[PDB]
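Convention: sequence-line order gives letters A, B, ...; per-chain numbering from 1. Note: hydrogens, waters and symmetry copies are ignored here, and every other heavy atom, side chains too, is used.
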2 protein chains.
Amino acid sequence: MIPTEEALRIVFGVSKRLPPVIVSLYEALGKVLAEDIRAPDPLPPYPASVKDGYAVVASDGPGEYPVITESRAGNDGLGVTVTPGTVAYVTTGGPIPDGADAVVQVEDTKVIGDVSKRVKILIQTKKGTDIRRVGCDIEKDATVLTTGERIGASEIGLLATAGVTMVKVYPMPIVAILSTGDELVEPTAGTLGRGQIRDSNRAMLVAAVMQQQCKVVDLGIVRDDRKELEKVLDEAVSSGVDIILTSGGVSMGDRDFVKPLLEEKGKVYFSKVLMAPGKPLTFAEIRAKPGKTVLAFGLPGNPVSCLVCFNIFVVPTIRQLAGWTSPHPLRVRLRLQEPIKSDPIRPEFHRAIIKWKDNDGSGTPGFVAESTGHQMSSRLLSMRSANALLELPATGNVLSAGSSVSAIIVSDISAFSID
Amino acid sequence: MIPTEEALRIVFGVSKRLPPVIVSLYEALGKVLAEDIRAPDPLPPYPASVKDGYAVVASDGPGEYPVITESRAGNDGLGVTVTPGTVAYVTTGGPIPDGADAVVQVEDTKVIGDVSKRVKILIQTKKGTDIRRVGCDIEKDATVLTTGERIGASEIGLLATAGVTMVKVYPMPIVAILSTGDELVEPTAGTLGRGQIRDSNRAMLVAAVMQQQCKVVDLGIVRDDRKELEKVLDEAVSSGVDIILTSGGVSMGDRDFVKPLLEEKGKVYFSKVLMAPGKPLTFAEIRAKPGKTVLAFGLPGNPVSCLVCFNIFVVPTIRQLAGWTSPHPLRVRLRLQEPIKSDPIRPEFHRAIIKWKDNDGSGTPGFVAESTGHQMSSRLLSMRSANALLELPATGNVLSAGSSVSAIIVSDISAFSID
Ligand SMILES: Nc1ncnc2c1ncn2[C@@H]1O[C@H](COP(=O)(O)O)[C@@H](O)[C@H]1O
Ligand SMILES: Nc1ncnc2c1ncn2[C@@H]1O[C@H](COP(=O)(O)O)[C@@H](O)[C@H]1O
Ligand SMILES: [Cl-]
Ligand SMILES: [Cl-]
Ligand SMILES: [Cl-]
Ligand SMILES: [Cl-]
Ligand SMILES: [Mg+2]
Ligand SMILES: [Mg+2]
């Protein structure tokens, strides 16, 4: 039985980034860049007006002038030179005609006469005003994105700016998932027979892996039969998946075949971890027959222990395989809203609902946590709406309301419900 | 020109939750529940062993006993009664045979004899030990999930536990997106002609809306022609979308037709907002001809202003339409890592890269922010890797390094890179 920090170190050490692939622009969203991106031309590639108004010779100053061209896009005003004593109409983003060196916004002008257009410039501007010189936003050949950078909406915008519609990225791993147990029935089952429960772990893990943006291979319910489980594991290993997640069949039962099968097919690095919830957690590395590595997590059957182990150990593995340079979860410090009794032996991943408050109970703003109630590993209601796992050290003491603890954030911080 | 708080209030007031729909279990992930979910049977539905070991009569105490049945699942041990002086083998989750009232884990036992199985119980247990009574995790008819609750991995697990594979939820809105401008070319363009730039806003917004888990209707580049834009807007309004996002054609240019077209087709509530970056932002409500409401955001053309307006105004609208009870973004308080000059008029949404530190500069842990550099609205590099918008009030003063500010978190807090 090893501590969680060592189990994490072992997993990190074995887990290797996947080979990069080439994807389309919209397929690159959420993925980590596997190449630098350089701008092939400047932004703007022509001197561009910041305003709707008139391009002028700054030294002319206030006065009445003829409008000699109109420039909004493309070739508008090509071959026209704005000489002293003339102006040109411009819209925001419109090319500045040759000879003009400043823009006066339309609010500081007035159109004069009926019909040959004439405008009155009402201010004394300065050379360069309200003009974006060539490459002022992005210089030609500048690096706009680098290897190891995750692609979000702004990064897609930068790729589109640079004319990149096919992108070299690190792919997401493909994850196979199965449930084990003679007591399991499908979640479509209505009336349950004696000694049956619905398989909840498989759908829970399919959803958890879909939230990590990975493809899922659903291998269904497997019975507590060594030959049957070996066949499904052999089929999973040869299918091309990168990660296998099983649940159950990893405790001390006489028909728990996941750990001995993983010892036979590959290298098991650990089967037990010092923590609450649970204890059994097998991690193995299997070589597929040519040729590649498959990581296997023999997750515990208890629904809570299953999802907590997915959150602490599988999520950083998915991220490492997908090329994340920072795969660890966000850890914050927070104050307890109620007292919690800590265990004298097992450090606990206590489920909580956390929120940011203007006063965290100490007079200054901060996160605060509410427990989800009873933490028994069989009680999936303790995971309901939990957006954090409080890291409670094994002291045996009651942590009073208002005391500060470390907390792992397990669900979208941008999706946090406000206080 | 109205303040951002009033523009937000107006948007919230007009935006209505979409009618609920029925979806499959995996389609319900990310969606908000539109019904309560009750457990049709208890969990566990039979007295279940917490351990792999032996079910006993607690009052028997330590001694040697015959093993009269084995119980792992289903009908194992049905019709067998564990009487005083007998025991039954059990695995975790296995049904407790009639007459047994406690479980002794296999570690506190030893098998005796060769071959008729016999076991030695090594401890004095207590009635109820290591048994999950019927409904101890979930009682029959208990409410396991409620209306207004967002479905994540644990909630999918609870739906599977309760045998619910078709779920009543609030759907995501469908969003139409178009770009405007005679200066635009597709992002596939190689060498640019004079006065052209690649359309970056459309792909940026398509990606931003895909991150909000909404279906996208890509309506492409529209030119600065009033009849052409009216036709594309009429087609968008009649297509069945809930939200329309345009960008550009909303400043003071003589070919900016988005605002006058939105005034003609529906009700425009505002066209200008007091903020930095930018200023133009049209919001309108259109009635589709029978019959439903379509919300239109005439977003600014400047890439930064376009994405910031999407983040502050469109994201809470998507969430309100999708039935979120808490659609506002997470706001935290943080310390500046560098000095920032605030504007004397326009309150700013200053882009920053924020991280949680053990020491935020004041001796206690907290978030800290680094500016992304120059904040010009034409500079999409200022959005690069920005996970927050610092809310800088319009004071005209320099906010020194170490001063605290309010910050809107705009990207996954669970995806935050650690310090
Ligand atoms: N799709 C787009 N991608 C990049 N820049 C744009 C886009 N649409 C408009 N712009 C720019 O945003 C600014 C304001 O646009 P407008 O409001 O149409 O004058 C101008 O500099 C435009 O060139
Ligand atoms: N797919 C599943 N869904 C819900 N509970 C499960 C699942 N698989 C195993 N369990 C339960 O988790 C506990 C430990 O499983 P095991 O390690 O197979 O003994 C037992 O109470 C099982 O009934
Ligand atoms: Cl039945
Ligand atoms: Cl436990
Ligand atoms: Cl060309
Ligand atoms: Cl601006
Ligand atoms: Mg089992
Ligand atoms: Mg335009």
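- Summarising the geometry, atom OG1 belonging to B/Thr188 is positioned 12.5 Å from atom CE belonging to A/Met166; distances are rounded to the nearest 0.5 Å.
- Proximity to chain A is limited to the side chain of B/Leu29, based on heavy atoms less than 4.5 angstrom apart.
- Per-residue counts of heavy-atom pairs under 4.5 Å with chain B were compared for A/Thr165, A/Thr161, A/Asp182; the largest is that of A/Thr161.
- For chain A, no part of B/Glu186 is nearby; none of its heavy atoms comes within less than 4.5 Å.
- With a threshold of 4.5 angstrom between heavy atoms, B/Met376 approaches chain A through side-chain atoms but not through N, CA, C or O.
- For B/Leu380, the parts sitting under 4.5 Å from any heavy atom of chain A are the backbone and the side chain alike.
- If you tally non-hydrogen atom pairs under 4.5 Å between each of B/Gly190, B/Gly74, B/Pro95, B/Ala142 and chain A, the highest count goes to B/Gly74.
- Closest heavy-atom contact between B/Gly157 and A/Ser200: O-CB, 3.4 Å.
- Residue B/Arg331 touches chain A through its backbone alone, counting heavy-atom pairs closer than 4.5 Å.
- Looking at B/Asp224, neither its backbone nor its side chain comes within 4.5 Å of chain A, counting heavy atoms on both sides.
- Taking both residues in full, the closest heavy atoms of B/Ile138 and A/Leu381 are given as CG1-CD1, 4.1 Å, listed atom of the first, atom of the second, then distance.
- For B/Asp218, the part lying under 4.5 angstrom from a heavy atom of chain A is the side chain only.
- Remark: the backbone N or O of A/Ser417 is not paired with any side-chain donor or acceptor of B/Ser326 at under 3.5 angstrom.
- B/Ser154 and A/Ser385 get closest at one heavy-atom pair: OG-N, 4.1 Å.
- Contact annotation for B/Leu25: only side-chain heavy atoms (C-beta onward) come within less than 4.5 Å of a heavy atom of chain A.
- Counting all heavy atoms, side chain and backbone alike, B/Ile197 lies closest to A/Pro45 at CG2-CD, 3.7 Å.
- Looking at B/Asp52, the atoms closer than 4.5 Å to chain A (heavy atoms on both sides) all sit in the side chain, from C-beta outward.
- Heavy-atom distances place no part of B/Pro303 under 4.5 Å from chain A, backbone and side chain included.
- Using a 4.5 Å cut-off between heavy atoms, A/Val50 touches chain B through its side chain atoms alone.
- Of the listed residues (B/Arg379, B/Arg255, B/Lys355), the one with the most heavy-atom contacts under 4.5 Å to chain A is B/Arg255.
- Contact of A/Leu158 with chain B is made through backbone and side chain together, with heavy-atom distances under 4.5 Å.
- When the candidates A/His328, A/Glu183, A/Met383, A/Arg333 are compared by the number of heavy-atom contacts under 4.5 Å with chain B, A/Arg333 comes out ahead.
- For B/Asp199, the side-chain hydrogen bond (donor to acceptor under 3.5 Å, both in side chains) partners two or more places apart in sequence, or in a different chain, are B/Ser179, B/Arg202.
- When B/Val209, B/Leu159, B/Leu78, B/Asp419 are compared by the number of non-hydrogen pairs under 4.5 Å with chain A, B/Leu78 comes out ahead.
- Between chain A and the options B/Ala203, B/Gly301, B/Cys136, heavy-atom pairs under 4.5 Å are most frequent for B/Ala203.
- Contacts between B/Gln105 and chain A at a heavy-atom distance below 4.5 Å are absent for every atom of the residue.
- Atom CD1 of residue A/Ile156 and atom CD of residue B/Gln211 lie 8.5 Å apart, to the nearest 0.5 angstrom.
- Between chain B and the options A/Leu192, A/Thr91, A/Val144, heavy-atom pairs under 4.5 Å are most frequent for A/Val144.
- Between chain B and the options A/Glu155, A/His374, A/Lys51, heavy-atom pairs under 4.5 Å are most frequent for A/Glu155.
- When the candidates A/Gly30, A/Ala208, A/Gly163 are compared by the number of heavy-atom contacts under 4.5 Å with chain B, A/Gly163 comes out ahead.
- A tilted orientation is assigned to the rings of A/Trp356 and B/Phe367, their planes being inclined by 30° to 60°.
- Across B/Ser377, B/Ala162, B/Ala388, B/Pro327, the residue that shares the most heavy-atom pairs under 4.5 angstrom with chain A is B/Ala162.
- In this structure, B/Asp358 places its CG atom where only 12 or fewer heavy-atom neighbours from other residues, nucleotides or ligands lie under 6.0 Å away.
- For B/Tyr89, the part sitting under 4.5 Å from any heavy atom of chain A is the side chain, from C-beta outward, and nothing else.
- Comparing A/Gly253, A/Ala28, A/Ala386 by heavy-atom pairs within less than 4.5 Å of chain B, the highest count is held by A/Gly253.
- Here the closest heavy-atom approach between residue A/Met204 and residue B/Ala153 is recorded as CG-O, 3.5 Å.
- Between A/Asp41 atom CG and B/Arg198 atom CZ the span is 4.0 Å, to the nearest 0.5 Å.
- Contact between B/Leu43 and A/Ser378 at its shortest, heavy atoms only, is CD2-O, 4.4 Å.
- Using a 4.5 Å cut-off between heavy atoms, B/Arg132 contacts chain A through its side chain alone, with no backbone atom that close.
- When heavy atoms are compared at a cutoff of 4.5 Å, B/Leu145 approaches chain A by way of both its backbone and its side chain.
- Judged by distance alone, with hydrogens and angles left aside, the side-chain atoms of B/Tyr46 form no donor-acceptor pair with the main-chain N or O of A/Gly193 at under 3.5 Å.
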